[PDB]
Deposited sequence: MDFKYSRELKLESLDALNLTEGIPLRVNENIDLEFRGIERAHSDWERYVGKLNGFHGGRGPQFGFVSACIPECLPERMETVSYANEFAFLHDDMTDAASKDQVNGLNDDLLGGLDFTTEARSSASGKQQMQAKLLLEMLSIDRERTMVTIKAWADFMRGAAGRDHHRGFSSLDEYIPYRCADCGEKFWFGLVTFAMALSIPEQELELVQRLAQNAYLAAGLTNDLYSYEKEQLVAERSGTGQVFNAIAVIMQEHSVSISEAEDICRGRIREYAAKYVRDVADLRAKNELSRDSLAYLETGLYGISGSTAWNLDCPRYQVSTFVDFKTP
């Protein structure tokens, strides 16, 4: 039931067969997303430190957030984008808590109850729970507590598909600078990079196909809450958006350092 996003023809995903047949959707407010990325970089330089050669969720045509949370509420896009960009920077001391406080104040002013759920998920660390806090806040979703255990267990497949794809597309630039799936497969099977890569692709397609099927069944049954279903359906655009973004995003392009 789409109100804020747009489906994009990107025929290379069919040839790549990593996202099953999940379409690419992109939030139409890419401009707000970039504004929140710029502000996060301005605050980081202001409070934390200088940034040189850093690239986060910005891609040449769309950003990470607009492809992966395509139905993100427009008035929440900047904040959601800022928080995603800040998590990218944090992953790569007084100012950090000052930036966090500001972000917390902006979130509480938008959605008090759902900022608390989100913060709870973000204190645990597990990257599952970061994306869980961000998506639920970005789309103003309230997962019934009786459904949470089941919803999170189901979403794990989409997190694995996107997580492994990420490592697949980040290994090259990461090696040039390992805690990557390609390296583990190169230990266990003692194989070359391209052979670990083909094994990784097999696993990605398993996880992706299982997720697509489960979400189809749950949607067809309509016995879970609309917010749980909306969260799970966002899991699908997170797989297609992650992959499409990975193709050309500066973060993983060797052309940068």
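In this entry, the deposited residues absent from the coordinate set span 1, 94-123, 157-182, 235-242, 323-328.
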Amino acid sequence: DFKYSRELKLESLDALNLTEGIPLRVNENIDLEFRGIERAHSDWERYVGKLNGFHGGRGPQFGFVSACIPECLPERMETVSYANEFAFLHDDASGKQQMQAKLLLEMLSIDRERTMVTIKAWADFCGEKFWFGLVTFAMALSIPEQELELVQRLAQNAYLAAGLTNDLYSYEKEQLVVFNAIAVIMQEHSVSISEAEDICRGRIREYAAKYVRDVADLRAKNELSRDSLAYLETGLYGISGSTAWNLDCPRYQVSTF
From here on, numbers count along this sequence of modelled residues.
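Here the stretch with the larger average CA B-factor, out of 212-220 and 47-55, is 47-55.
Of the two segments examined, 102-110 and 183-191, it is 183-191 that shows the higher average Cα temperature factor in the deposited entry. As recorded in the entry, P60 carries the highest CA temperature factor of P60, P70, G36, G202. Between the residues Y159, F137, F125, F86, it is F125 that shows the highest Cα B-factor in the PDB record.
In this PDB entry, the Cα temperature factor of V178 sits in the top third of its chain's modelled residues, the highest group. Per the deposited record, the Cα B-factor of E78 falls in the lowest third when ranked against the other modelled residues of its chain. Among all modelled residues in its chain, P144 ranks in the middle third by Cα B-factor. Residue-level temperature factors show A155 in the middle third of its chain, judged at the C-alpha atom. Among all modelled residues in this chain, the alpha-carbon of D31 has a temperature factor (C-alpha) in the middle third.
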